[PDB]
Amino acid sequence: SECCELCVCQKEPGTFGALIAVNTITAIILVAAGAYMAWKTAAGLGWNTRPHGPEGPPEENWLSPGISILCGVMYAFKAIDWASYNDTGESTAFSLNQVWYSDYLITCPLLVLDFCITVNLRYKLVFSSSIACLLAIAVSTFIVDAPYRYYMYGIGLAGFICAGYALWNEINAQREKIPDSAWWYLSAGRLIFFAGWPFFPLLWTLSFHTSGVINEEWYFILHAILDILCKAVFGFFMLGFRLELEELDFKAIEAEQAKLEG
Amino acid sequence: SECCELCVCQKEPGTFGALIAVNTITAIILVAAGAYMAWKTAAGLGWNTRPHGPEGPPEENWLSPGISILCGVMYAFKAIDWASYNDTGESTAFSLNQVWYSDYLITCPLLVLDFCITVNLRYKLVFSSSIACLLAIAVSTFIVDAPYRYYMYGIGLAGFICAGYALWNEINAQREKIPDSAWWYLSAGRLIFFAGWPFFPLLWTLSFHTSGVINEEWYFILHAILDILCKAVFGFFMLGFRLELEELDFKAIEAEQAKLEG
Amino acid sequence: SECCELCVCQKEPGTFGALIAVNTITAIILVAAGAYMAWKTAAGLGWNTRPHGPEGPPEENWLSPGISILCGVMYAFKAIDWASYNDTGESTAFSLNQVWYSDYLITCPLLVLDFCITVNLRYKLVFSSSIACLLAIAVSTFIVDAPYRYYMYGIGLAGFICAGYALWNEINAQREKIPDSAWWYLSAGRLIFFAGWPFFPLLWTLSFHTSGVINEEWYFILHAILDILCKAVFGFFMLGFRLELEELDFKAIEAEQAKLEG
Ligand SMILES: *C/C=C(C)/C=C/C=C(C)/C=C/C1=C(C)CCCC1(C)C
Ligand SMILES: *C/C=C(C)/C=C/C=C(C)/C=C/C1=C(C)CCCC1(C)C
Ligand SMILES: *C/C=C(C)/C=C/C=C(C)/C=C/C1=C(C)CCCC1(C)C
Ligand SMILES: [K+]
Ligand SMILES: [K+]
Ligand SMILES: [K+]
Ligand SMILES: [K+]
Ligand SMILES: [K+]
Ligand SMILES: [K+]
Ligand SMILES: [K+]
Ligand SMILES: [K+]
Ligand SMILES: [K+]
Ligand SMILES: [K+]
Ligand SMILES: [K+]
Ligand SMILES: [K+]
Ligand SMILES: [K+]
Ligand SMILES: [K+]
Ligand SMILES: [K+]
């Protein structure tokens with residue numbers, strides 16, 4: 001039928017509790033992580049919350065909490081949607097669970113931008129737009145029928161590997177500048193970027209529409225954990241990196257000022 | 001049926017004259033207001049149209065006329081759409097009247113940005129993106145079915161109140177800088193922002209889909225007046241503010257130059 | 001029926017080879033042109049590929065290759081879509097051939113921006129957003145029914161003529177600055193802009209939905225050539241302009257430095 005054997009549209013009303021629970025929990029996690037990040041950025045500069053200043057926190061210091069909070073709002077909307085599936089058995093009109101990877105568009109162009117701004121990686125906009133385009137091909141690979149979904153997957157994967165290589169090069173060409181104390185958080189966010197991301201593309205090969213190992217319910221459940229790790233946990237490592245940099249900057253400024261007085 | 005009792009889809013062909021008229025009138029108003037604003041910005045700097053310069057009017061001086069003109073084009077498209085409902089009785093393919101608050105997305109992210117640029121309010125992009133996201137929840141609250149539209153409304157209203165509080169704080173933390181002559185126009189645009197906006201959210205509670213006091217025809221008619229007051233009249237007050245600032249700046253420059261010669 | 005007499009939906013499975021071929025060829029052309037442009041921008045500054053520097057190529061030097069490559073990816077997706085029409089006889093779920101001029105949105109706001117950045121034309125964002133809005137009216141004129149498609153066409157054409165006039169003025173008010181060596185490429189990209197663009201609007205008058213001279217198959221075939229000329233060939237002239245400017249800049253810097261040493 002319209003709903004494939006392994007879809008959430010074949011599940012009966014009353015059997016969606018797991019999905020609502022997972023999505024509410026992730027909404028809370030993402031929103032609260034983003035709120036901690038927001039508090040940390042507002043409260044102060046470095047690890048010891050040094051008073052910001054007249055201009056306040058930079059506007060890019062809000063990109064990171066921003067994504068986490070927005071993804072949490074998205075997940076709350078998804079859980080509201082899943083609750084309609086539990087009752088009416090037929091979703092909402094505004095379902096963020098209908099189009100797969102449609103929310104990942106926004107989130108990704110915002111995260112790659114974050115990384116590229118914080119680490120001062122070059123071609124910030126280039127990278128961010130490339131990822132938006134590769135995550136538009138991702139949506140397509142879920143909608144487009146069999147033979148052509150694999151052709152589209154090929155294009156998307158080629159570009160993903162190309163952009164990944166270029167990104168790797170950029171981070172490794174900024175390693176010299178990045179202090180060793182701040183590199184821990186960077187390498188952790190990179191690890192999240194090079195392992196965690198390829199996971200999204202490989203889970204495709206075992207998905208409900210491709211193979212059929214993971215049914216749509218469980219695919220959705222797994223993409224929630226992956227979002228906690230991207231979005232939320234990526235931002236906590238990037239927040240850490242930022243704070244380390246800002247504490248080291250405070251230290252450097254204070255030392256420069258000591259030498260200025262002396 | 002698909003069309004609720006109090007909808008424009010239940011109205012017979014030939015009974016849409018009022019809607020076409022209102023929407024054409026508002027199109028004219030918004031476009032002409034934006035054109036006056038455009039002329040004023042191009043012609044000169046302050047109230048006495050002081051010759052601009054080599055670079056010309058700043059690109060942000062076009063955000064304000066821009067929105068008004070675009071909303072007027074939107075309303076012209078809406079009136080064309082309403083004319084098809086008057087004749088064919090079944091709308092156009094490209095109807096800006098189908099999805100409610102879908103046009104408000106663009107207009108709002110552009111207006112909050114305007115305010116934040118002109119008054120130099122901090123977190124410009126943050127505020128503008130927050131409003132875009134809260135006006136995406138607004139569209140949802142019109143499409144999503146009963147129980148879940150109120151859950152979504154709750155999220156949207158929470159964020160609206162949060163962003164409103166934050167905005168209020170920002171404007172009041174910039175009051176010291178803003179000259180008293182320019183504050184008149186600011187307080188008027190703020191009044192339009194804190195009263196006029198909450199009106200949009202409260203009319204929801206009495207709308208065709210929520211309660212049923214205001215049928216979709218009249219809801220549409222009221223949202224046209226509200227757009228004249230937001231968009232058009234908001235920009236005339238903001239244009240006024242800008243011009244006041246620019247005239248005071250011209251005065252300050254001329255005084256500084258007199259002291260430079262002396 | 002839903003498909004008009006002169007549409008690609010009336011063509012039988014197996015008769016789409018021409019469309020696939022044209023769209024694959026254009027995909028290759030656009031991608032390869034954009035890749036040459038990308039190589040040229042990365043490799044060096046001017047015509048003689050002068051080593052760039054620490055910061056590398058400006059982020060706007062990627063807007064031009066970018067569009068060409070993205071339009072090539074779009075056309076590859078279109079050819080994949082056309083192959084489904086050749087086999088299944090009913091398109092893909094993600095068809096870039098469904099909505100007419102929907103891809104032109106992105107491409108156009110990116111190209112006008114390019115021109116305005118490279119030639120330092122004023123009102124860059126204004127122009128780019130105007131074109132995005134006029135190319136949203138373009139999509140409408142393909143979907144909206146008879147009487148109202150001509151009303152929308154009128155609005156779109158009025159704005160197109162207005163923006164065209166304003167653009168002409170801007171380029172002619174920057175002619176004095178632009179060196180004569182670089183003007184060749186500029187006038188060629190302008191020629192592509194003032195002739196080539198009006199072609200898009202005039203082909204509308206003879207299209208499958210308006211008149212019926214050009215059926216949708218051949219309209220699609222012609223819009224592919226027009227994209228090679230816009231996108232691809234526009235960027236090769238703009239790449240040329242950029243390179244000329246950069247070689248002249250290198251020359252000027254080297255002369256200034258000779259005088260600095262002397
Ligand atoms: C926070 C959101 C994330 C990390 C989403 C990432 C999405 C991708 C890395 C998409 C990957 C792809 C697919 C699974 C579909 C098409 C092929 C790829 C590789 C672009
Ligand atoms: C110029 C356009 C304007 C002023 C539109 C504003 C729209 C809102 C303030 C939306 C308000 C909300 C709803 C009516 C729906 C969801 C809840 C709110 C408060 C976000
Ligand atoms: C690279 C993409 C290009 C050059 C697309 C350009 C599209 C236009 C110039 C659209 C023109 C118009 C229509 C054919 C429909 C509505 C009326 C116009 C003039 C805006
Ligand atoms: K901070
Ligand atoms: K950042
Ligand atoms: K998300
Ligand atoms: K989804
Ligand atoms: K994050
Ligand atoms: K002005
Ligand atoms: K402004
Ligand atoms: K509007
Ligand atoms: K509407
Ligand atoms: K306005
Ligand atoms: K270059
Ligand atoms: K450029
Ligand atoms: K294209
Ligand atoms: K098309
Ligand atoms: K190009």
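Basis for what follows: all heavy atoms, side chains included, without hydrogens, waters or symmetry-related copies. Naming: A, B, ... by sequence-line order, numbering from 1 per chain.
Using a 4.5 Å heavy-atom cutoff, the side chains of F94(A) and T141(B) are not in contact. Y148(B) is listed as a side-chain neighbour of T88(A), based on a closest heavy-atom distance under 4.5 Å.
The structure places CZ of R149(B) at 13.0 Å from CD1 of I80(A), a figure rounded to the nearest 0.5 Å. Here the SG atom belonging to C133(B) is positioned 7.5 Å from the CD1 atom belonging to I106(A), to the nearest 0.5 angstrom.
Of the two parts of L125(B), the backbone and the side chain both hold a non-hydrogen atom closer than 4.5 Å to a non-hydrogen atom of chain A. With a 4.5 Å cut-off on non-hydrogen atoms, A136(B) touches chain A through its backbone but not through its side chain.
Of all residues in residues 238-247 of chain A, none places a non-hydrogen atom less than 4.5 angstrom from a non-hydrogen atom of chain B. Scanning residues 53-63 of chain A against chain B with a 4.5 Å heavy-atom cutoff picks out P54(A), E55(A), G56(A), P57(A), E59(A), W62(A), ordered by number. Along residues 218-231 of chain A, no residue comes nearer than 4.5 angstrom to chain B, judged on non-hydrogen atoms.
Under the rule for a side-chain contact (heavy atoms from CB on, under 4.5 Å), the partners of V139(B) that lie at least two apart in sequence or sit in another chain are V99(B), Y101(B), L105(B), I143(B).
In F194(B), the CZ atom is crowded: over 12 heavy atoms of neighbouring residues, nucleotides or ligands sit closer than 6.0 Å.
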